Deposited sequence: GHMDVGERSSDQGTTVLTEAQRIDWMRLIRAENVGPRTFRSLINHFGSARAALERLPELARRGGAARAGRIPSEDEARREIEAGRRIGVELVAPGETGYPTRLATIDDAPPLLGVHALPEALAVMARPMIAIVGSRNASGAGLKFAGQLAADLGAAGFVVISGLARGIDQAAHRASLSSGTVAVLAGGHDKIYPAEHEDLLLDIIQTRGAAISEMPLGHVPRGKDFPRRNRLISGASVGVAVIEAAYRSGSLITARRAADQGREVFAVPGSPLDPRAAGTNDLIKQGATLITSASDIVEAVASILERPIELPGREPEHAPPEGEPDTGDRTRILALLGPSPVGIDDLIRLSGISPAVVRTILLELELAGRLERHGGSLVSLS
């Protein structure tokens, strides 16, 4: 597999993301500014004080971070960073990407995370017809080669996971890998792993999912995908949160239509009114995403690297962390740019356009 951080670096990444007042956006900026997690961690106390806080912010020790990384390994969870095997590329490109993603899959099956994914979400209280449609859609997308990503929820999510087991499905957990919600889906999650899929989470081990953790996780469902399909949704359905994240991130949103009188079609019909793509079958999605979805650059890779470059020098490390693109592919792109004459190479692995 591809590895981008030393064991010492992964420990420092764990210490930093778990630090008080450090979220995914803070982490990004800290690395952008100080060049490494090690360097960021040193400034953490003085930054807080100079910022005007009363007291020191909590910062996990080296030992606490190491224990958490080992505790995860003991139950089959690998903690991966952008650019590494197991970290889905599209996810690295969101504004608040998780610096470390805990991925639980069979030992040789981590590559499921490199495949193109479609999110299928919708009502927890779903109609019989919605469940049926969600299941057929997931089976059809899987047969076309997509991984189905969803949130292990009651209703639409589980129908989509259940029908995509054999082609590969990913579940995004709202809490720790060892604290599954809903409890009735523990069996399903194990079947997902056993059929060469994966569970992913950014939360600490032992973290019991709380009400507020569910919306937060939705950005990862949309973030890893090349498209989000909403099957059914009344007003106030949590699945419409996934749709809203998808739109913020620039992912295409697909919605299944229904009758104006159908309460479970109110949210999906409204998505369409607001610009989501109306779908009646998997082919509508496949045709839409065909457009986009080894050191060889994939569709979009060159464009995404160019976009992260500018008149101010950046590290190849930074480009990998910010784009999720494998090290080999980023190197190929920078090489293409340089000897087309469009790249300036500076001291210590730093590059400009």
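J.: Please list, in sequence order, every stretch of the deposited sequence that lacks C-alpha coordinates.
T.: Missing from the model are residues 1-12, 306-321, 382.
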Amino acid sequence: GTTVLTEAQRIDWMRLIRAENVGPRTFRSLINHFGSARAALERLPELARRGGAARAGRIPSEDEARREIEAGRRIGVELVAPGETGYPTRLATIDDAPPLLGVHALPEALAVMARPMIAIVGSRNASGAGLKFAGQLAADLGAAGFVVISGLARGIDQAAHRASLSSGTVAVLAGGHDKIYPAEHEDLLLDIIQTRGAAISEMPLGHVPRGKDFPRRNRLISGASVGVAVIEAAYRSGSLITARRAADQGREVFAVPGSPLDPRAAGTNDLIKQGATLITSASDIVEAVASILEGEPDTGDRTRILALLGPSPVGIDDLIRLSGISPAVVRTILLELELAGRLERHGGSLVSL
From here on, numbers count along this sequence of modelled residues.
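J.: For the stretches 122-130 and 104-112, which has the higher mean C-alpha B-factor as given in the deposited record?
T.: Stretch with the greater average CA B-factor: 104-112.
J.: Can you let me know which of the two, 94-102 or 276-284, has the higher average C-alpha B-factor in the entry?
T.: According to the entry, 94-102 carries the higher average C-alpha B-factor.
J.: Ranked by Cα temperature factor within the chain, is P215 in the lowest third, the middle third or the highest third?
T.: Tercile = highest for this residue's CA B-factor.
J.: Place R236 in the lowest, middle or highest third of its chain's C-alpha B-factors, as listed in the PDB entry.
T.: Its C-alpha B-factor belongs to the highest third of this chain's values.
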